[PDB]
Amino acid sequence: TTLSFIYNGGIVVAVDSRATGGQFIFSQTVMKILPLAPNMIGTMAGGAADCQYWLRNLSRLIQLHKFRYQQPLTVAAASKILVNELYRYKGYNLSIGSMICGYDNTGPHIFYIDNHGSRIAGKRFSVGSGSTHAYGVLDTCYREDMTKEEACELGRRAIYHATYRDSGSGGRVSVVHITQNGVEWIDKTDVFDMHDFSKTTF
Amino acid sequence: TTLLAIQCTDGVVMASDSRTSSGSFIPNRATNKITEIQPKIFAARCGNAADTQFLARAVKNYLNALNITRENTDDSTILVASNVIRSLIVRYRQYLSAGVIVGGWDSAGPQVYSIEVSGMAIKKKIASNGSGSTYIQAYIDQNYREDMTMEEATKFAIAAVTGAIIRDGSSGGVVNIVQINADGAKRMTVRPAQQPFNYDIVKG
Amino acid sequence: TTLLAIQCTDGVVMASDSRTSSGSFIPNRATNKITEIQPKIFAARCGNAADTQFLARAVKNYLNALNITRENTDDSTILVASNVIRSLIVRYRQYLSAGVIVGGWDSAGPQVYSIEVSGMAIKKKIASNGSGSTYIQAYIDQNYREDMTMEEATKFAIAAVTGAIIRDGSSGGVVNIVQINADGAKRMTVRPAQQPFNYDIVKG
Amino acid sequence: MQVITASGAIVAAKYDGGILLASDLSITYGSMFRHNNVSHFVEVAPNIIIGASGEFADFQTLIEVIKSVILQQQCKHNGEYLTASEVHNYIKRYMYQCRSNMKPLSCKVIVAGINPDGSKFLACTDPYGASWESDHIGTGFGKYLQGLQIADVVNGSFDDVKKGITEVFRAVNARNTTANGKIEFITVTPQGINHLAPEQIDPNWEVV
Amino acid sequence: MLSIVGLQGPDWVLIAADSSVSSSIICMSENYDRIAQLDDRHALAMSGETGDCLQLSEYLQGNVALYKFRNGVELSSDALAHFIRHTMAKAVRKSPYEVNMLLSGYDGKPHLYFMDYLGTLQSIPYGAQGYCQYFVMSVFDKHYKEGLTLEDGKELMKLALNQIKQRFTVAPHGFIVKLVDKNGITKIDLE
Amino acid sequence: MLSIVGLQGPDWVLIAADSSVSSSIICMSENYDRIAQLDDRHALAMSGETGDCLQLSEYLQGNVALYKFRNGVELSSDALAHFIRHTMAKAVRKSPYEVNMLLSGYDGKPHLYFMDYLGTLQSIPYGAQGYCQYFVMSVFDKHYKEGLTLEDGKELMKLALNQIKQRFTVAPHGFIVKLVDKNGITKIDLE
Amino acid sequence: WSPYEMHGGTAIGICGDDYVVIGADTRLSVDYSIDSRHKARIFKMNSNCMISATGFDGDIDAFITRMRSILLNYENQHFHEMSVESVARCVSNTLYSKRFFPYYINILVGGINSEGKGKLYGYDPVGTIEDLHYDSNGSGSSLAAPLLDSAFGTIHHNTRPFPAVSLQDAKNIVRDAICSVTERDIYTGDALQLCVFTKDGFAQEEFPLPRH
Amino acid sequence: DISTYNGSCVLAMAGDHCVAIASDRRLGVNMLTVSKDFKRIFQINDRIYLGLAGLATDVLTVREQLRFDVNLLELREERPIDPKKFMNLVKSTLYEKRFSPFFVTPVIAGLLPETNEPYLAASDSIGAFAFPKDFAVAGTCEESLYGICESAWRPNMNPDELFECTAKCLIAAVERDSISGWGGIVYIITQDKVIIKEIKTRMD
Amino acid sequence: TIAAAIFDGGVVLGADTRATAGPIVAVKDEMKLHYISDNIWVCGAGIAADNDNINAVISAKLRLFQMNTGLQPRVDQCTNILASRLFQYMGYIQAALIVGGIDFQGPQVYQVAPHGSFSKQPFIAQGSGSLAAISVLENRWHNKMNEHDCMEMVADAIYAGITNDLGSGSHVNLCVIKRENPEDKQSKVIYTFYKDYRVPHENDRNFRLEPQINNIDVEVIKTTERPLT
Ligand SMILES: *C(=O)[C@H]1N[C@](C)(CO)[C@](C)([C@H](Cc2ccccc2)NC(=O)[C@H](Cc2c[nH]c3ccccc23)NC(=O)[C@H](Cc2c[nH]c3ccccc23)NC(=O)CCCCC)O[C@@H]1C
Ligand SMILES: *C(=O)[C@H]1N[C@](C)(CO)[C@](C)([C@H](Cc2ccccc2)NC(=O)[C@H](Cc2c[nH]c3ccccc23)NC(=O)[C@H](Cc2c[nH]c3ccccc23)NC(=O)CCCCC)O[C@@H]1C
């Protein structure tokens with residue numbers, strides 16, 4: 001489970017950290033947020049190798065454009081670069097579900113990109129097996145006028161509930177808070193610590 | 001597998017290899033593929049060892065059933081054995097993959113019946129079956145004589161099964177011979193050392 | 001198909017049937033399966049007629065290419081023909097389903113090379129190929145002699161191909177014989193009337 | 001990985017004086033005993049022999065490739081042959097390249113040689129290009145019908161390793177359908193490659 | 001794989017089901033009741049082929065009625081849940097009932113049972129069958145308080161059903177929601 | 001197979017498209033614009049894989065712009081429709097664009113083109129790609145008068161889109177409707 | 001026809017504050033058959049790192065040859081040996097270069113960085129890179145992974161600091177895990193190549209394992 | 001797959017005159033967590049507990065069929081079923097469905113009636129029972145449990161230490177199995193009491 | 001790996017003790033040699049439950065036969081019943097059995113394939129390690145070998161399978177069916193089962209981290225105790 005939502009305070013991107021091949025948890029510490037530019041990250045969902053390689057390659061392309069041209073590369077631009085690179089491998093069975101999130105001259109932007117070539121702008125996205133659960137948390141608890149702490153907690157809790165209800169989601173919620181002032185890596189919080197064991201319903 | 005039943009003037013010579021093949025592995029290299037249905041009824045078995053052994057078991061059962069209501073136990077027993085094997089191969093055509101040369105001696109004298117895997121029962125004086133029999137077809141054609149005695153037919157059957165053994169991977173080991181005359185059946189084993197020729201006839 | 005190339009002391013005898021089979025239909029019952037690559041290089045062809053004819057065509061092309069840069073046109077031509085057929089069968093292993101016995105005479109004397117459908121080229125004094133050759137394997141083993149002359153090898157090859165013809169549905173018709181000695185190649189056709197035996201050897 | 005014309009089992013095992021390889025001289029077309037007196041081993045260098053179990057057409061292709069490469073390096077090195085290690089490395093690379101091109105050589109290839117440093121080198125590349133160096137290698141039913149007969153005597157006296165290989169090939173002749181003919185033995189020693197007289201290794205037929 | 005949701009409360013169970021029945025890509029009806037009231041106390045929300053859910057509902061309701069008439073007593077919510085699970089397990093061994101159910105019940109105490117087509121019986125505080133279980137669970141998880149008031153429970157069920165409507169691609173035109181409590185089963189409208 | 005509808009009028013074309021984009025069973029967005037404005041005059045509603053519709057839209061819009069810049073003139077609605085059909089036919093021969101489109105245009109005269117993924121180009125008075133063509137056609141057929149007023153056309157498009165919403169099982173959360181007329185392409189809200 | 005053999009064998013890496021211990025069984029086996037009993041699947045790559053590989057042996061050799069050539073190119077074109085971080089990135093890129101014809105091999109890049117710290121990287125066949133402190137690969141990865149999780153509890157509490165063990169405690173954890181995997185994994189055994197990369201460099205031990 | 005449809009993790013363990021049987025509490029529908037209150041361990045009798053790892057469907061089907069059988073056997077014999085006798089009952093129940101197996105693997109943790117000796121009996125889905133003296137493992141976490149317990153298990157664990165490894169050795173396994181976990185429950189059956197400790201595993 | 005050979009005065013069956021749950025050793029001390037009657041034992045390869053149940057069923061059939069009829073079960077009788085049962089299941093009951101026993105017809109070793117084929121052979125090896133075992137049996141078995149020679153040969157065949165086959169491992173169990181008096185062929189057929197006849201030391205767990213490092217902290221949500229009654 002990855003998720004990213006724009007609220008009045010900026011972009012909150014919360015990802016789980018579980019890499020699960022089949023039913024076996026290969027990792028619980030995998031980094032599913034990749035910083036692409038000082039003010040822009042990319043999330044990883046799908047093929048771990050595909051997501052990380054192609055977000056790394058998008059970072060390389062963004063750096064190449066940055067050094068080549070004075071014109072800053074927007075989040076829309078990074079998303080379009082990534083979706084064109086992925087469509088170049090259309091039919092190659094790539095598996096990237098990413099959110100290119102970040103701040104550019106026009107403000108906050110989240111673009112959900114996938115290997116299928118989809119590139120959807122939005123204020124609220126969740127990718128991965130637990131995306132439905134993170135959506136259940138976000139669409140319900142999301143408010144535009146949240147505090148930074150409230151928004152980070154919203155993303156953290158959406159990822160935590162996705163991890164609880166999704167076998168493919170787990171580990172630690174890495175929460176990043178992108179603003180016009182750059183990508184702030186809020187923290188990694190073990191979803192084990194987030195679980196309320198006082199509650200017995202779940 | 002190689003099976004070669006020769007109905008001679010003085011008896012029946014049922015030769016076979018002894019190689020059971022599981023792929024390229026020989027789980028049984030001393031396989032007795034000629035099953036004794038009755039003291040003078042034998043079933044040379046080709047195909048799935050389970051299927052052909054079930055056929056031998058079931059034809060023993062059917063020949064005992066044939067004898068429930070009669071006292072001429074020695075009448076039409078080879079022919080009934082062939083008919084029963086045919087009926088079982090046809091009835092279990094989906095399940096059984098088995099061809100049986102039922103040869104031997106009964107009141108009607110020496111008889112060989114080849115029941116093909118299809119369930120085609122045919123009375124033959126020279127019946128051959130199995131993957132190895134293929135390699136010896138021309139050999140049989142040029143070396144089988146209708147006038148062969150049980151001794152001559154035994155020598156010829158050993159030579160033919162040895163050729164099939166040499167050329168067929170599925171055929172190998174000893175030549176199991178059964179000579180069934182009116183007096184009964186004599187079993188012989190021609191081990192590779194006693195066989196008329198070996199691999200060295202290949203290209204030479 | 002039946003192919004039987006015998007490298008004798010005084011030449012090479014390449015026998016074959018003449019039956020091209022399209023299922024149970026014989027589109028060509030007078031098939032010449034022994035293709036003349038060169039006056040003294042012949043390719044007995046087994047498998048897809050298209051594939052084996054392409055192999056013969058391509059080995060003629062490769063033997064002419066071999067002779068572009070040399071004047072000893074008669075040197076290693078059978079061996080090069082076998083190597084080329086092997087290379088083509090391996091290279092077109094997916095496409096070509098063809099085994100060629102390239103036999104004949106060159107500066108190195110009489111040579112037979114069996115290139116199996118796998119692309120395995122082996123120099124043989126007695127090479128056999130095709131579905132019919134199977135039926136004559138034991139026959140060949142018990143009737144081939146390394147000392148056979150081209151006449152004796154021709155008689156034996158006619159008999160063996162006739163046995164394969166009789167027993168193999170895919171083999172039939174005439175026996176196409178090619179006798180290649182230093183002086184050249186002589187083609188003979190043993191029509192069923194002239195063949196040593198016919199269907200009547202089957203069970204008799 | 002199609003094996004129509006197959007070379008049968010190979011059993012190579014190091015003994016004090018070299019590597020003793022053993023294999024029947026039969027090529028089998030399917031289950032048929034098709035060709036006889038076909039050495040499954042090819043001497044590619046004075047102290048490097050190569051055998052293969054499986055598709056003998058692929059073994060011939062590989063031997064042609066190995067010989068071309070050895071000839072190229074002999075031209076480069078004034079007739080000096082590639083070492084058994086180098087030959088096996090090239091075979092590994094070639095067979096892995098063929099498995100990666102999806103046209104694998106359907107032959108488990110044994111390289112038995114004496115390196116210039118005098119070290120016995122017995123290695124094997126499977127049809128997939130997976131390769132390994134061992135003191136004894138079985139290919140085909142020489143691997144499966146092997147037990148501890150070779151492992152218990154590998155690097156022992158020539159008589160002990162010969163006896164163990166003979167036990168393995170008695171098992172092969174008894175229990176391998178494609179096993180036909182005498183088992184040729186080949187000693188790759190620092191003094192060269194010696195083709196010992198092929199032996200008819202007979203299964204115990206008193207079992208019947 | 002139609003959306004059925006369940007939300008057990010301290011003394012009630014809100015059992016919602018996709019009220020729209022479709023024939024392939026055509027929404028045939030929009031008020032289709034997929035919550036079969038097996039008893040005055042038990043509503044079985046069903047998710048699956050309409051014609052297998054109908055047959056299973058008829059069989060289960062007829063057997064509950066047969067138990068009540070043959071034996072003067074009624075089946076407990078646990079007893080009815082285990083009878084349904086027995087039916088589903090027998091079927092899956094023989095001919096699976098491709099119907100995933102939420103058995104809400106009130107036999108003096110609220111009960112909600114996840115009941116997959118195989119025969120997986122599990123008492124749950126809340127649950128769902130269909131793809132809505134991927135959308136509603138977190139909602140419930142994030143918003144289910146122990147001892148919910150019936151109105152808080154209705155708000156929570158509305159939250160889950162709106163989550164289905166807003167985020168589930170195959171979004172039901174609407175839901176039929178029934179309250180199963182000491183007063184029996186009553187179709188309640190979440191507004 | 002997303003729902004795109006088109007309704008050509010006497011001097012306008014109402015081109016609607018499923019505005020909701022989904023990732024499998026998840027509705028990712030609800031305002032997704034599937035009507036790519038290739039030009040100030042042409043809006044191409046697209047129905048298919050979001051990532052193939054986006055790429056085809058980018059290629060077609062870039063080629064329309066390239067034609068307009070390289071050649072001072074703009075492509076006609078017929079010319080652009082045939083260029084799109086040429087692209088789709090080349091693709092289907094080589095690598096099909098799995099995108100069924102409705103090209104609405106106004107090059108001085110309203111145009112609406114059915115354009116299947118194969119390269120089936122057909123001028124239409126109204127049409128649809130996706131499964132909505134099974135639901136909207138009759139509506140249009142039963143209610144399209146020659147010489148519709150733009151408001152009657154908006155009512156008719158609302159009728160067709162409500163037919164999709166009410167009767168199509170996979171009902172879009174909403175539609176983005178654009179008016180293509182002498183004033184260009186304007187996102188109009190059907191209310 | 002699958003171009004792999006899925007040989008098996010288990011590798012277990014454990015990074016420490018100044019060491020990386022990768023212990024891999026040396027068994028080269030497939031389809032209930034042991035091709036080799038001593039096929040080292042851990043390779044000293046340079047003075048900074050080693051690569052343990054499990055999976056298809058042909059792919060292991062191809063990838064290790066490619067990585068050795070890449071590291072040699074790096075050492076020639078940079079005059080210093082590739083760092084464990086650079087080798088880890090190269091392993092990721094090399095595995096992904098065959099993304100659609102993968103090296104069906106799981107890689108552990110265990111080395112010492114310029115800071116003297118033990119860096120362990122786990123990979124999947126297609127080149128996912130996890131900068132981890134312990135990992136398991138191969139047929140017995142499922143068997144060994146809970147063992148390392150117990151030894152370190154990192155999975156249990158993933159935000160707590162990695163409880164790094166002594167070099168000998170890591171060696172013993174790897175040995176015990178390989179012994180357990182050998183007891184339960186049929187494709188793991190015949191020996192344990194226990195390689196340790198420290199500031200001192202690459203140090204390899206061989207430990208007998210059950211050969212059944 | 002249907003065996004991993006309901007992620008399971010059952011772990012019996014032998015101590016000093018005490019057994020443990022722990023299970024993950026998750027009921028998951030493939031990757032979806034339905035419940036954290038799923039019961040996979042069932043008291044068969046005072047000194048027999050059955051942890052059923054696998055299809056929750058088959059978990060309840062086999063638990064209730066075994067309860068049927070054990071209740072009938074204890075009514076007829078008026079004595080509790082012995083751990084070995086219950087193991088044979090489970091084997092019979094699972095092999096009765098040999099051709100349509102339950103997708104559940106049992107783990108019987110009991111104390112032998114007389115000596116209070118730990119009795120572990122793990123089987124496959126069709127009743128092939130192992131009788132480990134150290135630990136029995138079952139469920140989708142099977143390999144994980146095997147490794148952790150093979151390293152961790154020590155002889156003569158008292159109920160406290162036995163619970164400690166059951167809990168730790170189960171936590172390690174479930175936390176590597178994505179579909180199993182969401183809490184654990186360990187039944188420590190000692191000679192005189194059963195301690196059911198609900199242990200905190202990861203809930204992701 | 002299971003095997004069985006005939007020596008002069010009886011039969012030596014043998015089996016490894018590994019049972020595999022796919023690629024993982026499910027059981028390390030599994031019993032594959034199963035008593036059928038005092039004179040017949042059956043080692044078994046294949047599906048563990050199939051072997052266990054087929055052997056138990058035929059053992060029960062022959063126990064009933066001996067109780068009612070009073071007759072010693074015959075090795076060929078056991079083999080016929082096993083072959084018929086395995087044939088009626090068309091190989092679904094994957095029990096590749098070796099029936100080794102003694103009756104009035106001396107010592108007999110039969111194999112029964114899962115599909116119901118059977119065969120009397122002086123020595124047989126079945127299972128995944130059957131080829132490694134059968135190499136040993138081929139090179140070592142001879143007519144009228146003695147009890148100890150056949151014990152060592154069959155144990156070495158099982159050990160060959162253990163070493164070479166991954167599906168075979170752990171210990172070598174043997175059973176020796178003989179007659180209580182070798183001189184008398186009417187003397188009682190006894191069986192001596194050598195559990196762990198070979199326990200290969202190189203196959204033992206060489207290392208064990210006795211102070212098991214463990215950083216998983218067990219937190220108990222709830223503890224409830226009940227009397228064991
Ligand atoms: C939301 O709920 C989360 N779901 C999970 C499944 C994340 O674990 C995904 C979708 C996640 C994306 C991701 C991104 C970055 C790092 C890790 C993970 N997916 C995975 O973890 C995948 C699951 C998977 C398995 N097979 C496929 C096929 C297509 C798409 C997705 C998958 N896991 C992986 O990709 C494996 C990661 C990994 C790391 N170390 C490993 C060692 C051994 C095996 C696997 C390892 N890699 C592979 O499966 C490679 C297989 C190559 C075969 C030739 O994330 C969101 C947030
Ligand atoms: C030498 O060659 C030895 N090989 C191994 C594999 C024995 O370890 C066999 C063949 C052996 C026979 C055997 C006989 C009696 C008891 C145990 C073992 N086979 C097995 O152990 C089998 C292997 C197997 C699995 N599937 C097939 C199909 C055809 C042939 C062979 C096999 N293993 C099993 O049957 C599993 C046993 C098992 C799994 N988990 C367990 C937990 C606790 C106890 C036992 C467990 N079971 C399964 O795989 C499930 C099958 C379900 C079928 C519907 O023996 C010779 C001597």
# chains A, B, ... in the order shown; residues from 1 in each chain; ligands from 1
$ residues_around --residues "residue E:153" --least-positions-apart "3" --cutoff "9 Å" --atoms "only C-alpha atoms" --output "number ranges by chain"
E: 7-9, 12-14, 144, 148-150, 156-158
$ write_last_selection --atoms "N, CA and C atoms" --output "PDB file, in the first residue's frame"
ATOM      1  N   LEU E   7     -22.444  -4.926   9.856  1.00  0.00           N
ATOM      2  CA  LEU E   7     -21.899  -4.120  10.941  1.00  0.00           C
ATOM      3  C   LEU E   7     -22.657  -4.516  12.202  1.00  0.00           C
ATOM      4  N   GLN E   8     -22.043  -5.361  13.018  1.00  0.00           N
ATOM      5  CA  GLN E   8     -22.646  -5.743  14.282  1.00  0.00           C
ATOM      6  C   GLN E   8     -22.424  -4.647  15.313  1.00  0.00           C
ATOM      7  N   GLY E   9     -23.477  -4.332  16.056  1.00  0.00           N
ATOM      8  CA  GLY E   9     -23.394  -3.374  17.128  1.00  0.00           C
ATOM      9  C   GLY E   9     -23.635  -4.031  18.466  1.00  0.00           C
ATOM     10  N   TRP E  12     -27.499  -4.803  17.942  1.00  0.00           N
ATOM     11  CA  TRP E  12     -28.091  -4.729  16.615  1.00  0.00           C
ATOM     12  C   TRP E  12     -27.043  -5.134  15.593  1.00  0.00           C
ATOM     13  N   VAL E  13     -27.510  -5.397  14.375  1.00  0.00           N
ATOM     14  CA  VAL E  13     -26.639  -5.646  13.233  1.00  0.00           C
ATOM     15  C   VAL E  13     -27.238  -4.933  12.031  1.00  0.00           C
ATOM     16  N   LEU E  14     -26.479  -4.019  11.439  1.00  0.00           N
ATOM     17  CA  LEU E  14     -26.858  -3.391  10.184  1.00  0.00           C
ATOM     18  C   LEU E  14     -26.289  -4.222   9.043  1.00  0.00           C
ATOM     19  N   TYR E 144     -15.197   2.088  13.787  1.00  0.00           N
ATOM     20  CA  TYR E 144     -16.029   1.265  14.651  1.00  0.00           C
ATOM     21  C   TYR E 144     -15.558   1.429  16.088  1.00  0.00           C
ATOM     22  N   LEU E 148     -21.232   0.970  19.848  1.00  0.00           N
ATOM     23  CA  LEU E 148     -21.829   1.970  18.973  1.00  0.00           C
ATOM     24  C   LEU E 148     -23.314   2.117  19.263  1.00  0.00           C
ATOM     25  N   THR E 149     -23.787   3.356  19.265  1.00  0.00           N
ATOM     26  CA  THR E 149     -25.219   3.577  19.219  1.00  0.00           C
ATOM     27  C   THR E 149     -25.748   3.156  17.854  1.00  0.00           C
ATOM     28  N   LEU E 150     -27.030   2.796  17.814  1.00  0.00           N
ATOM     29  CA  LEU E 150     -27.618   2.391  16.544  1.00  0.00           C
ATOM     30  C   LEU E 150     -27.500   3.494  15.505  1.00  0.00           C
ATOM     31  N   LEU E 156     -21.954   4.796  10.426  1.00  0.00           N
ATOM     32  CA  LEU E 156     -20.803   4.007  10.002  1.00  0.00           C
ATOM     33  C   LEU E 156     -21.131   3.153   8.783  1.00  0.00           C
ATOM     34  N   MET E 157     -22.319   2.548   8.760  1.00  0.00           N
ATOM     35  CA  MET E 157     -22.727   1.777   7.593  1.00  0.00           C
ATOM     36  C   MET E 157     -22.889   2.679   6.378  1.00  0.00           C
ATOM     37  N   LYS E 158     -23.449   3.873   6.568  1.00  0.00           N
ATOM     38  CA  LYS E 158     -23.525   4.833   5.476  1.00  0.00           C
ATOM     39  C   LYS E 158     -22.133   5.208   4.993  1.00  0.00           C
TER      40      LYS E 158
END
$ interface_residues --of "chain I" --to "chain G" --cutoff "7 Å" --atoms "only C-alpha atoms" --output "short mmCIF file (atom, residue, chain, number, x, y, z; two decimals) with N, CA, C and O atoms, in the first residue's frame"
data_model
loop_
_atom_site.label_atom_id
_atom_site.label_comp_id
_atom_site.auth_asym_id
_atom_site.auth_seq_id
_atom_site.Cartn_x
_atom_site.Cartn_y
_atom_site.Cartn_z
N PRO I 23 9.62 -29.73 -1.48
CA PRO I 23 11.07 -29.60 -1.37
C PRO I 23 11.60 -29.56 0.05
O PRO I 23 12.82 -29.46 0.24
N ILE I 24 10.72 -29.64 1.05
CA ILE I 24 11.10 -29.54 2.45
C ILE I 24 10.94 -30.91 3.09
O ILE I 24 9.98 -31.64 2.80
N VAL I 25 11.89 -31.27 3.95
CA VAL I 25 11.80 -32.51 4.71
C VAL I 25 10.68 -32.36 5.73
O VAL I 25 10.83 -31.63 6.72
N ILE I 162 20.02 -42.12 0.01
CA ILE I 162 20.08 -41.02 0.97
C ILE I 162 21.09 -39.98 0.52
O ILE I 162 20.79 -38.78 0.47
N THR I 163 22.29 -40.42 0.19
CA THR I 163 23.37 -39.51 -0.17
C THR I 163 23.08 -38.81 -1.49
O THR I 163 23.20 -37.59 -1.60
N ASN I 164 22.68 -39.58 -2.50
CA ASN I 164 22.58 -39.06 -3.86
C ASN I 164 21.23 -38.44 -4.17
O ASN I 164 21.16 -37.47 -4.93
N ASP I 165 20.15 -38.97 -3.59
CA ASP I 165 18.81 -38.46 -3.86
C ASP I 165 18.42 -37.46 -2.78
O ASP I 165 18.60 -37.72 -1.59
N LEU I 166 17.90 -36.31 -3.21
CA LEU I 166 17.44 -35.31 -2.24
C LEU I 166 16.13 -35.72 -1.60
O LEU I 166 15.87 -35.36 -0.45
N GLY I 167 15.29 -36.47 -2.32
CA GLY I 167 14.08 -36.98 -1.73
C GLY I 167 14.30 -38.08 -0.72
O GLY I 167 13.35 -38.45 -0.02
N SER I 168 15.51 -38.60 -0.63
CA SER I 168 15.88 -39.61 0.36
C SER I 168 16.87 -39.01 1.33
O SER I 168 17.74 -38.22 0.94
N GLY I 169 16.75 -39.38 2.60
CA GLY I 169 17.68 -38.86 3.58
C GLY I 169 17.45 -39.48 4.94
O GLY I 169 16.69 -40.43 5.10
N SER I 170 18.15 -38.91 5.91
CA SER I 170 18.08 -39.33 7.30
C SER I 170 18.66 -40.74 7.47
O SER I 170 19.74 -41.02 6.95
N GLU I 202 27.73 -37.94 9.03
CA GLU I 202 27.91 -36.72 8.25
C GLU I 202 26.59 -36.05 7.91
O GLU I 202 26.60 -34.89 7.49
N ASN I 203 25.47 -36.75 8.10
CA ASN I 203 24.15 -36.18 7.88
C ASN I 203 23.54 -35.62 9.15
O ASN I 203 22.40 -35.14 9.12
N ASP I 204 24.25 -35.67 10.27
CA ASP I 204 23.76 -35.09 11.51
C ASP I 204 24.00 -33.58 11.52
O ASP I 204 24.92 -33.08 10.87
N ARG I 205 23.16 -32.87 12.26
CA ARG I 205 23.32 -31.43 12.40
C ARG I 205 24.64 -31.15 13.11
O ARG I 205 24.76 -31.37 14.32
N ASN I 206 25.63 -30.66 12.37
CA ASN I 206 26.97 -30.50 12.93
C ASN I 206 27.02 -29.35 13.91
O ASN I 206 27.71 -29.44 14.94
N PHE I 207 26.31 -28.26 13.63
CA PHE I 207 26.39 -27.05 14.43
C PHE I 207 25.02 -26.69 14.99
O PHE I 207 23.99 -27.00 14.40
N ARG I 208 25.04 -26.03 16.15
CA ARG I 208 23.81 -25.54 16.76
C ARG I 208 24.17 -24.40 17.69
O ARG I 208 24.96 -24.58 18.62
N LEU I 209 23.60 -23.22 17.43
CA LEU I 209 23.83 -22.05 18.27
C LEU I 209 23.09 -22.23 19.59
O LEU I 209 21.94 -21.81 19.72
N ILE I 213 20.25 -16.76 19.90
CA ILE I 213 19.99 -15.33 19.91
C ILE I 213 18.56 -15.11 19.44
O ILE I 213 18.16 -15.57 18.37
N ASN I 214 17.76 -14.43 20.26
CA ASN I 214 16.36 -14.18 19.95
C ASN I 214 15.99 -12.79 20.44
O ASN I 214 16.13 -12.50 21.63
N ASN I 215 15.52 -11.94 19.53
CA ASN I 215 15.09 -10.59 19.86
C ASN I 215 13.60 -10.38 19.65
O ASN I 215 13.14 -9.24 19.62
N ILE I 216 12.83 -11.46 19.50
CA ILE I 216 11.38 -11.37 19.43
C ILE I 216 10.85 -11.41 20.86
O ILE I 216 11.00 -12.41 21.57
#
$ interface_residues --of "chain D" --to "chain C" --cutoff "7 Å" --atoms "only C-alpha atoms" --output "tab-separated table (two decimals) with N, CA, C and O atoms, in the first residue's frame"
chain	number	residue	atom	x	y	z
D	4	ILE	N	17.16	-36.75	-29.70
D	4	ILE	CA	16.71	-37.85	-30.56
D	4	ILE	C	17.81	-38.90	-30.60
D	4	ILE	O	17.61	-40.04	-30.17
D	5	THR	N	18.97	-38.52	-31.12
D	5	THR	CA	20.15	-39.38	-31.11
D	5	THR	C	20.96	-39.05	-29.86
D	5	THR	O	21.63	-38.01	-29.80
D	56	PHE	N	23.54	-36.28	-29.32
D	56	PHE	CA	24.87	-36.40	-29.90
D	56	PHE	C	25.08	-35.45	-31.07
D	56	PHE	O	26.22	-35.11	-31.37
D	57	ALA	N	24.00	-35.02	-31.73
D	57	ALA	CA	24.13	-33.96	-32.72
D	57	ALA	C	24.60	-32.67	-32.07
D	57	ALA	O	25.45	-31.95	-32.62
$ select_by_dssp --residues "chain E" --states "alpha helix (DSSP H)" --output "VMD selection string"
chain E and resid 50 to 70 77 to 94 133 to 143 150 to 167
$ residues_around --residues "residue H:134" --least-positions-apart "6" --cutoff "12 Å" --atoms "only C-alpha atoms" --output "PyMOL selection string"
(chain H and resi 11-16+18-21+109+117-122+146+149-157+162+165-166) or (chain I and resi 27-29)
